[PDB]
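Read the structure below first, then the notes.
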Amino acid sequence: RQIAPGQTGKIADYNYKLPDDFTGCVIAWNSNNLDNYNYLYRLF
Amino acid sequence: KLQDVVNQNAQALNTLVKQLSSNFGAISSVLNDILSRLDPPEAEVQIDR
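Going line by line, the protein sequences match chains A and C.
Just so we're aligned: the first sequence equals residues 408 to 442, 448 to 456 in the authors' numbering.
The authors' numbering puts the first residue of the second sequence at 947, with every later residue one more than the last.
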């Protein structure tokens, strides 16, 4: 849910943000069948 | 006639200034509230109103 214009949260605030007039698409699927604490994100 | 023309100019400017106090359906009529209470992507819809 963070991966959109006009959202907020640790990713949407500190790591990776889309412009308020972003022109495109977001695509997702679960990766549990491939993924193991190897993936990191920003908290400060 | 002259006092009427002065009164019409006064009523027009007085109305025009009073409109700043009105919401037009925004969350506040104080522009500085909208710009501080809400985040810009949310706030812009109220400000555009």
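The beta-carbon is built from N, C-alpha and C at its ideal position, and this holds for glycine as well.
Out of the options, point me to the one whose CA is closest to residue i's CA.
{"i": "A:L425", "options": "A:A435, A:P412 and A:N450", "result": "A:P412"}
{"i": "C:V991", "options": "C:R983, C:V976, C:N978 and C:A972", "result": "C:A972"}
{"i": "C:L977", "options": "C:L966, C:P987 and C:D985", "result": "C:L966"}
Counting along the chain, where does the alpha helix (DSSP H) carrying residue i start and finish?
{"i": "C:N953", "result": "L948 to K964"}
{"i": "A:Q414", "result": "Note, A:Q414: premise wrong, no alpha helix (DSSP H); not H, not E."}
Under three-state DSSP, which class holds residue i?
{"i": "C:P987", "result": "helix"}
{"i": "A:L452", "result": "coil"}
{"i": "C:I980", "result": "helix"}
{"i": "A:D420", "result": "helix"}
{"i": "A:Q409", "result": "coil"}
{"i": "C:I973", "result": "coil"}
{"i": "C:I993", "result": "helix"}
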